[PDB]
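J.: So here's data.txt, just compact mmCIF, N, CA and C atoms:
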# COMPACT_ATOMS: atom_id res chain seq x y z
N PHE A 1 -11.76 10.34 -5.31
CA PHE A 1 -11.48 8.96 -4.80
C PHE A 1 -12.17 7.86 -5.62
N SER A 2 -13.34 8.19 -6.14
CA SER A 2 -14.09 7.26 -6.96
C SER A 2 -13.22 6.78 -8.14
N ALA A 3 -12.62 7.73 -8.86
CA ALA A 3 -11.77 7.40 -10.00
C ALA A 3 -10.56 6.58 -9.56
N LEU A 4 -9.98 6.95 -8.43
CA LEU A 4 -8.81 6.27 -7.90
C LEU A 4 -9.17 4.84 -7.54
N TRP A 5 -10.28 4.68 -6.83
CA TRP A 5 -10.74 3.36 -6.44
C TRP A 5 -10.89 2.44 -7.66
N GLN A 6 -11.58 2.91 -8.70
CA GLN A 6 -11.77 2.10 -9.90
C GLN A 6 -10.45 1.78 -10.62
N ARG A 7 -9.49 2.69 -10.54
CA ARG A 7 -8.18 2.48 -11.16
C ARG A 7 -7.43 1.38 -10.43
N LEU A 8 -7.62 1.30 -9.11
CA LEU A 8 -6.97 0.29 -8.31
C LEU A 8 -7.56 -1.08 -8.57
N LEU A 9 -8.87 -1.13 -8.78
CA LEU A 9 -9.54 -2.39 -9.05
C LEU A 9 -9.30 -2.83 -10.49
N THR A 10 -9.19 -1.87 -11.40
CA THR A 10 -8.94 -2.20 -12.79
C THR A 10 -7.55 -2.80 -12.90
N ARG A 11 -6.76 -2.68 -11.83
CA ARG A 11 -5.41 -3.24 -11.77
C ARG A 11 -5.52 -4.69 -11.34
N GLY A 12 -6.70 -5.09 -10.89
CA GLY A 12 -6.90 -6.47 -10.47
C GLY A 12 -6.71 -6.67 -8.98
N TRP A 13 -6.19 -5.64 -8.32
CA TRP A 13 -5.95 -5.67 -6.88
C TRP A 13 -7.24 -5.89 -6.10
N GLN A 14 -7.22 -6.82 -5.15
CA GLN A 14 -8.42 -7.13 -4.38
C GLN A 14 -8.69 -6.24 -3.18
N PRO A 15 -9.97 -5.89 -2.97
CA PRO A 15 -10.45 -5.05 -1.87
C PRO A 15 -10.49 -5.85 -0.56
N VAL A 16 -10.15 -5.22 0.55
CA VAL A 16 -10.21 -5.90 1.84
C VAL A 16 -10.88 -5.04 2.88
N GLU A 17 -11.89 -5.60 3.53
CA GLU A 17 -12.59 -4.91 4.60
C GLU A 17 -11.74 -5.17 5.82
N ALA A 18 -12.21 -4.77 6.99
CA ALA A 18 -11.45 -5.03 8.21
C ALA A 18 -11.42 -6.54 8.44
N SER A 19 -11.41 -7.30 7.35
CA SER A 19 -11.39 -8.76 7.41
C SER A 19 -10.75 -9.40 6.16
N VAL A 20 -2.44 -15.39 4.65
CA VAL A 20 -2.42 -14.52 3.49
C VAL A 20 -1.32 -14.89 2.47
N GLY A 21 -0.06 -14.84 2.89
CA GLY A 21 1.03 -15.17 1.99
C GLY A 21 1.90 -13.96 1.74
N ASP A 22 2.40 -13.84 0.51
CA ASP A 22 3.24 -12.70 0.12
C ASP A 22 2.38 -11.66 -0.57
N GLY A 23 2.09 -10.57 0.13
CA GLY A 23 1.27 -9.51 -0.44
C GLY A 23 1.41 -8.19 0.31
N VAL A 24 0.93 -7.12 -0.31
CA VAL A 24 1.03 -5.81 0.31
C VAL A 24 -0.35 -5.14 0.29
N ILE A 25 -0.65 -4.34 1.31
CA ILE A 25 -1.96 -3.67 1.40
C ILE A 25 -1.84 -2.15 1.35
N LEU A 26 -2.54 -1.53 0.41
CA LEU A 26 -2.51 -0.07 0.27
C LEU A 26 -3.71 0.60 0.92
N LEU A 27 -3.43 1.49 1.87
CA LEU A 27 -4.46 2.23 2.58
C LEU A 27 -4.49 3.66 2.03
N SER A 28 -5.67 4.13 1.67
CA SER A 28 -5.85 5.46 1.12
C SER A 28 -6.59 6.45 1.98
N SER A 29 -6.26 7.72 1.78
CA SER A 29 -6.91 8.80 2.48
C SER A 29 -7.60 9.59 1.40
N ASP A 30 -8.57 10.42 1.76
CA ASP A 30 -9.30 11.19 0.75
C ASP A 30 -8.34 11.96 -0.15
N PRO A 31 -8.37 11.66 -1.46
CA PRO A 31 -7.55 12.25 -2.52
C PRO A 31 -7.41 13.78 -2.50
N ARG A 32 -8.33 14.47 -1.84
CA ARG A 32 -8.25 15.93 -1.78
C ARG A 32 -7.08 16.32 -0.87
N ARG A 33 -5.98 15.60 -1.07
CA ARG A 33 -4.73 15.77 -0.35
C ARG A 33 -3.80 14.64 -0.78
N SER A 34 -2.85 9.15 -3.62
CA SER A 34 -3.27 9.01 -5.01
C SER A 34 -2.10 8.76 -5.98
N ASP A 35 -0.88 8.94 -5.49
CA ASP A 35 0.31 8.68 -6.28
C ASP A 35 0.97 7.44 -5.68
N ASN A 36 0.40 6.93 -4.60
CA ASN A 36 0.92 5.76 -3.92
C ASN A 36 0.93 4.48 -4.78
N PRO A 37 -0.09 4.28 -5.62
CA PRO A 37 -0.13 3.08 -6.47
C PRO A 37 1.10 2.91 -7.36
N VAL A 38 1.35 3.88 -8.24
CA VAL A 38 2.49 3.79 -9.16
C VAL A 38 3.80 3.48 -8.48
N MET A 39 4.07 4.14 -7.36
CA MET A 39 5.33 3.93 -6.63
C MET A 39 5.42 2.52 -6.07
N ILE A 40 4.33 2.08 -5.47
CA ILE A 40 4.29 0.75 -4.93
C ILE A 40 4.54 -0.20 -6.09
N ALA A 41 3.77 -0.02 -7.17
CA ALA A 41 3.91 -0.85 -8.37
C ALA A 41 5.38 -0.95 -8.72
N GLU A 42 6.07 0.19 -8.66
CA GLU A 42 7.49 0.22 -8.96
C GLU A 42 8.28 -0.56 -7.91
N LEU A 43 7.93 -0.41 -6.64
CA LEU A 43 8.67 -1.10 -5.57
C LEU A 43 8.68 -2.62 -5.74
N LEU A 44 7.48 -3.17 -5.89
CA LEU A 44 7.30 -4.60 -6.06
C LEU A 44 8.16 -5.04 -7.23
N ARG A 45 8.11 -4.26 -8.30
CA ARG A 45 8.89 -4.55 -9.50
C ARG A 45 10.37 -4.68 -9.13
N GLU A 46 10.85 -3.83 -8.22
CA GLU A 46 12.25 -3.87 -7.82
C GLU A 46 12.54 -4.97 -6.80
N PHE A 47 11.53 -5.78 -6.52
CA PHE A 47 11.69 -6.89 -5.59
C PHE A 47 11.05 -8.15 -6.13
N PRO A 48 11.66 -8.74 -7.17
CA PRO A 48 11.18 -9.96 -7.82
C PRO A 48 11.20 -11.20 -6.95
N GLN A 49 11.82 -11.12 -5.78
CA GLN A 49 11.90 -12.29 -4.92
C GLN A 49 10.53 -12.89 -4.65
N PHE A 50 9.63 -12.11 -4.05
CA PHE A 50 8.29 -12.61 -3.74
C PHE A 50 7.32 -12.37 -4.88
N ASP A 51 6.27 -13.19 -4.94
CA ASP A 51 5.26 -13.00 -5.98
C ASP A 51 4.18 -12.20 -5.28
N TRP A 52 4.55 -10.99 -4.89
CA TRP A 52 3.66 -10.10 -4.17
C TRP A 52 2.25 -10.06 -4.72
N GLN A 53 1.28 -10.01 -3.81
CA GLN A 53 -0.12 -9.90 -4.19
C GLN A 53 -0.47 -8.51 -3.67
N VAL A 54 -1.49 -7.88 -4.24
CA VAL A 54 -1.85 -6.55 -3.78
C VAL A 54 -3.34 -6.46 -3.48
N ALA A 55 -3.65 -5.79 -2.38
CA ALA A 55 -5.01 -5.58 -1.93
C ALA A 55 -5.15 -4.12 -1.54
N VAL A 56 -6.37 -3.61 -1.65
CA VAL A 56 -6.68 -2.21 -1.38
C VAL A 56 -7.87 -2.09 -0.46
N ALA A 57 -7.93 -0.99 0.29
CA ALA A 57 -9.03 -0.72 1.21
C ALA A 57 -9.64 0.65 0.89
N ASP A 58 -10.96 0.71 0.79
CA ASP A 58 -11.65 1.96 0.49
C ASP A 58 -11.40 2.96 1.63
N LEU A 59 -12.05 4.12 1.60
CA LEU A 59 -11.87 5.14 2.64
C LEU A 59 -12.17 4.69 4.06
N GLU A 60 -13.32 4.05 4.27
CA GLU A 60 -13.66 3.61 5.62
C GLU A 60 -12.70 2.53 6.12
N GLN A 61 -12.61 1.42 5.39
CA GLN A 61 -11.73 0.32 5.79
C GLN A 61 -10.25 0.68 5.89
N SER A 62 -9.89 1.89 5.48
CA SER A 62 -8.50 2.32 5.58
C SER A 62 -8.37 2.94 6.96
N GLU A 63 -9.46 3.54 7.43
CA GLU A 63 -9.50 4.14 8.76
C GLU A 63 -9.30 3.00 9.74
N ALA A 64 -10.20 2.02 9.69
CA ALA A 64 -10.15 0.85 10.54
C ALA A 64 -8.80 0.14 10.40
N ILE A 65 -8.48 -0.30 9.19
CA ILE A 65 -7.20 -0.96 8.93
C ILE A 65 -6.17 0.17 8.97
N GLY A 66 -5.71 0.52 10.16
CA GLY A 66 -4.74 1.58 10.28
C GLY A 66 -4.45 1.66 11.76
N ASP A 67 -5.50 1.84 12.54
CA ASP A 67 -5.30 1.89 13.98
C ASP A 67 -4.70 0.54 14.29
N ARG A 68 -5.40 -0.52 13.89
CA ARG A 68 -4.94 -1.89 14.15
C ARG A 68 -3.44 -2.03 13.96
N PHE A 69 -2.92 -1.33 12.96
CA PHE A 69 -1.49 -1.36 12.64
C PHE A 69 -0.80 -0.07 13.02
N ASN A 70 -1.46 0.69 13.89
CA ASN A 70 -0.96 1.96 14.39
C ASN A 70 -0.55 2.93 13.28
N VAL A 71 -1.32 2.96 12.20
CA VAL A 71 -1.04 3.84 11.07
C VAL A 71 -1.74 5.18 11.20
N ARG A 72 -1.00 6.23 11.53
CA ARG A 72 -1.59 7.56 11.68
C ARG A 72 -1.43 8.40 10.43
N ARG A 73 -0.52 8.00 9.55
CA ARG A 73 -0.29 8.77 8.33
C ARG A 73 -0.63 8.02 7.06
N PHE A 74 -1.25 8.73 6.13
CA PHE A 74 -1.64 8.15 4.87
C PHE A 74 -1.04 8.99 3.77
N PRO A 75 -0.77 8.39 2.61
CA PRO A 75 -0.96 7.00 2.20
C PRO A 75 -0.07 6.06 2.98
N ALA A 76 -0.53 4.84 3.19
CA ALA A 76 0.27 3.88 3.92
C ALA A 76 0.24 2.55 3.21
N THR A 77 1.19 1.70 3.53
CA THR A 77 1.24 0.40 2.90
C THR A 77 1.78 -0.66 3.86
N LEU A 78 1.00 -1.72 4.04
CA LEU A 78 1.38 -2.81 4.93
C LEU A 78 2.06 -3.91 4.12
N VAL A 79 3.23 -4.34 4.58
CA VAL A 79 3.97 -5.38 3.88
C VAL A 79 3.89 -6.71 4.57
N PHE A 80 3.33 -7.79 3.97
CA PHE A 80 3.23 -9.08 4.67
C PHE A 80 4.02 -10.03 4.00
N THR A 81 4.86 -10.37 4.11
CA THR A 81 5.45 -11.53 3.81
C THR A 81 5.02 -12.54 4.88
N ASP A 82 4.59 -13.25 4.72
CA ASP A 82 3.86 -14.48 4.97
C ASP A 82 2.92 -14.38 6.15
N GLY A 83 2.93 -13.19 6.72
CA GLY A 83 1.93 -12.59 7.72
C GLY A 83 2.98 -12.08 8.79
N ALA A 84 5.53 -2.06 7.79
CA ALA A 84 4.52 -1.08 7.40
C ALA A 84 5.10 0.27 6.94
N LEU A 85 4.77 0.68 5.71
CA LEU A 85 5.20 1.97 5.14
C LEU A 85 4.09 3.00 5.35
N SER A 86 4.42 4.15 5.93
CA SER A 86 3.39 5.15 6.17
C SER A 86 3.86 6.56 5.88
N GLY A 87 2.95 7.39 5.38
CA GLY A 87 3.29 8.77 5.09
C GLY A 87 3.81 8.97 3.68
N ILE A 88 4.19 10.21 3.38
CA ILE A 88 4.70 10.55 2.06
C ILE A 88 6.22 10.59 2.07
N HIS A 89 6.81 9.84 1.14
CA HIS A 89 8.26 9.75 1.02
C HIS A 89 8.74 9.79 -0.42
N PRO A 90 9.84 10.50 -0.68
CA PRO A 90 10.39 10.59 -2.04
C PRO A 90 10.86 9.20 -2.45
N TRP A 91 10.82 8.90 -3.75
CA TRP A 91 11.24 7.58 -4.21
C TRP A 91 12.39 7.00 -3.40
N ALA A 92 13.48 7.74 -3.28
CA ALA A 92 14.63 7.24 -2.55
C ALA A 92 14.29 6.71 -1.16
N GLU A 93 13.61 7.52 -0.37
CA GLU A 93 13.24 7.14 0.99
C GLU A 93 12.39 5.86 1.06
N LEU A 94 11.36 5.82 0.23
CA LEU A 94 10.48 4.68 0.16
C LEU A 94 11.29 3.40 -0.02
N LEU A 95 12.19 3.38 -0.99
CA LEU A 95 12.99 2.19 -1.26
C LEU A 95 13.79 1.66 -0.07
N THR A 96 14.39 2.57 0.68
CA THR A 96 15.17 2.21 1.86
C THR A 96 14.27 1.65 2.94
N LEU A 97 13.07 2.19 3.03
CA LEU A 97 12.14 1.71 4.02
C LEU A 97 11.71 0.29 3.68
N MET A 98 11.43 0.03 2.40
CA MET A 98 11.00 -1.29 1.95
C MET A 98 12.16 -2.26 1.94
N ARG A 99 13.35 -1.71 1.79
CA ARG A 99 14.53 -2.53 1.78
C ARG A 99 14.79 -3.00 3.22
N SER A 100 14.44 -2.17 4.19
CA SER A 100 14.62 -2.51 5.60
C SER A 100 13.60 -3.54 6.06
N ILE A 101 12.37 -3.40 5.59
CA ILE A 101 11.32 -4.34 5.95
C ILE A 101 11.65 -5.74 5.44
N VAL A 102 12.11 -5.82 4.20
CA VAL A 102 12.45 -7.10 3.59
C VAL A 102 13.65 -7.78 4.25
N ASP A 103 14.75 -7.04 4.45
CA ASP A 103 15.94 -7.61 5.06
C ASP A 103 15.90 -7.57 6.58
Could you spell out this file's structure in C-alpha cells?

T.:
Amino acid sequence: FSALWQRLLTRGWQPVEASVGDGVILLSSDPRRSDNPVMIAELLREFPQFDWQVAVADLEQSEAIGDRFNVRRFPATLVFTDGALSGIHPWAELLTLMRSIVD
C-alpha cells in the first residue's frame, strides 16, 4: 500500500481525511487483495465534460469514508459532480455504471 499511496500522490491527486465541485474520490483497501487508479484515469478521460478533480483516502480514512456513503466493497469510487462506484468490475461494467451516474 505504501507504494500505491505514493503513486497516487505522485499523480497530484489530493488526500482527504474524513473531512467541492467536479471531482471523484478513490477509496482503497489493503493491496494484499490497486488497479483502480488506471481504470478511473481512463474513465475520466472518456468523460471530457467535467474538469474532474481527484482525491484519495489512505487505509483508515477509506474505512471511515465508506460507511458514510454505505460503501461495503472496495475498491470504491465516489462521484461528485457538484456535491458511487463500488467493488470490482470489468472495464465494460465500470463504464456503464459511470455512464448511469452521469446521466

J.: Using all atoms listed in the file, which of the listed residues (A:26, A:95, A:102, A:16) sits closest to residue 43 (chain A)?

T.: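 Among the listed residues, A:95 lies closest to residue 43 (chain A).
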
J.: As JSON, numbers by chain, please: the residues near residue 54 (chain A) (cut-off 5 Å, only N, CA and C atoms, same-chain neighbours under 3 positions excluded).

T.: {"A": [13, 14, 23, 24]}

J.: Please return, as a VMD selection string, all residues of chain A that DSSP assigns to strand (DSSP E) on the basis of the backbone.

T.: chain A and resid 14 to 15 22 to 27 53 to 57 76 to 81 85 to 86

J.: Between CA of residue 19 (chain A) and CA of residue 64 (chain A), what is the distance in Å, rounded to a tenth?

T.: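 Distance reported for this atom pair: 10.2 Å.
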
J.: Please give the complete set of residues from chain A that DSSP, run on the backbone, assigns to alpha helix (DSSP H), formatted as a PyMOL selection string.

T.: chain A and resi 2-9+36-45+59-67+91-102

J.: Report, in Å with one decimal, the straight-line distance from CA of residue 80 (chain A) to CA of residue 33 (chain A).

T.: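 Taking CA of residue 80 (chain A) and CA of residue 33 (chain A), their separation equals 26.6 Å.
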
J.: Can you tell me, as a ChimeraX atom specification, what residues are no more than 7 Å from region 86-94 of chain A when counting only N, CA and C atoms, ignoring any on the same chain fewer than 4 positions away?

T.: /A:71-77,98-99

J.: For residue 20 (chain A), find every residue with an atom within 8 Å (counting all atoms listed in the file), except residues of its own chain fewer than 6 positions away, and show them as an mmCIF file with N, CA and C atoms, in the coordinates of the input.

T.:
data_model
loop_
_atom_site.group_PDB
_atom_site.id
_atom_site.type_symbol
_atom_site.label_atom_id
_atom_site.label_comp_id
_atom_site.auth_asym_id
_atom_site.auth_seq_id
_atom_site.Cartn_x
_atom_site.Cartn_y
_atom_site.Cartn_z
ATOM 1 N N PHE A 80 3.330 -7.790 3.970
ATOM 2 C CA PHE A 80 3.230 -9.080 4.670
ATOM 3 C C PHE A 80 4.020 -10.030 4.000
ATOM 4 N N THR A 81 4.860 -10.370 4.110
ATOM 5 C CA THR A 81 5.450 -11.530 3.810
ATOM 6 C C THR A 81 5.020 -12.540 4.880
ATOM 7 N N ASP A 82 4.590 -13.250 4.720
ATOM 8 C CA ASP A 82 3.860 -14.480 4.970
ATOM 9 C C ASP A 82 2.920 -14.380 6.150
ATOM 10 N N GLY A 83 2.930 -13.190 6.720
ATOM 11 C CA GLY A 83 1.930 -12.590 7.720
ATOM 12 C C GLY A 83 2.980 -12.080 8.790
#

J.: Can you measure CA of residue 66 (chain A) to CA of residue 49 (chain A) for me? One decimal in Å is fine.

T.: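 Result for CA of residue 66 (chain A) versus CA of residue 49 (chain A): 26.5 Å, one decimal.
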
J.: Counting all atoms listed in the file, what is within 6.5 Å of residue 15 (chain A), bar same-chain residues fewer than 3 positions away, as a list in words?

T.: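 Using all atoms listed in the file, the neighbours found are residues 55, 56, 57 and 58 of chain A.
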